[PDB]
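In mature numbering (1 follows the signal peptide of the UniProt record, and there is no 0), the protein residues as written are 1 to 57. Note that beta-carbon positions come from the ideal geometry of N, C-alpha and C, so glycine has one too. Scroll down for the structure; my scribbles are underneath it.
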Amino acid sequence: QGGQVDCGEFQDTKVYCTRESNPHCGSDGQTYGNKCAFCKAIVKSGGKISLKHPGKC
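Structure, rendered in structure tokens:
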């Protein structure tokens, strides 16, 4: 929230990413290779997107 790996896209508050490759299949439907990849993707639909799967779908 201002001193974290805060994905400055930050459409939401829980938008922080990984330094690792932690895949996420977002509730956006999409699968992202890591959480960082999922940040903008949270941003995709308001920040309000959540995760379906740790990993891909």
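In this structure, the beta-carbon distance from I49 to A37 does not fall below 8 angstroms.
Burial check for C57: the Cβ neighbour count within 10 Å stays below 16, so the residue is exposed. It is roughly 22 angstroms from the alpha-carbon of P23 to the alpha-carbon of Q1.
Classified as buried, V15 has 16 or more neighbouring CB atoms from the shown chains inside 10 Å of its CB. Take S45, set aside five residues on each side of it, and the residues of its chain with a beta-carbon closer than 8 angstroms to its own are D28, in chain order.
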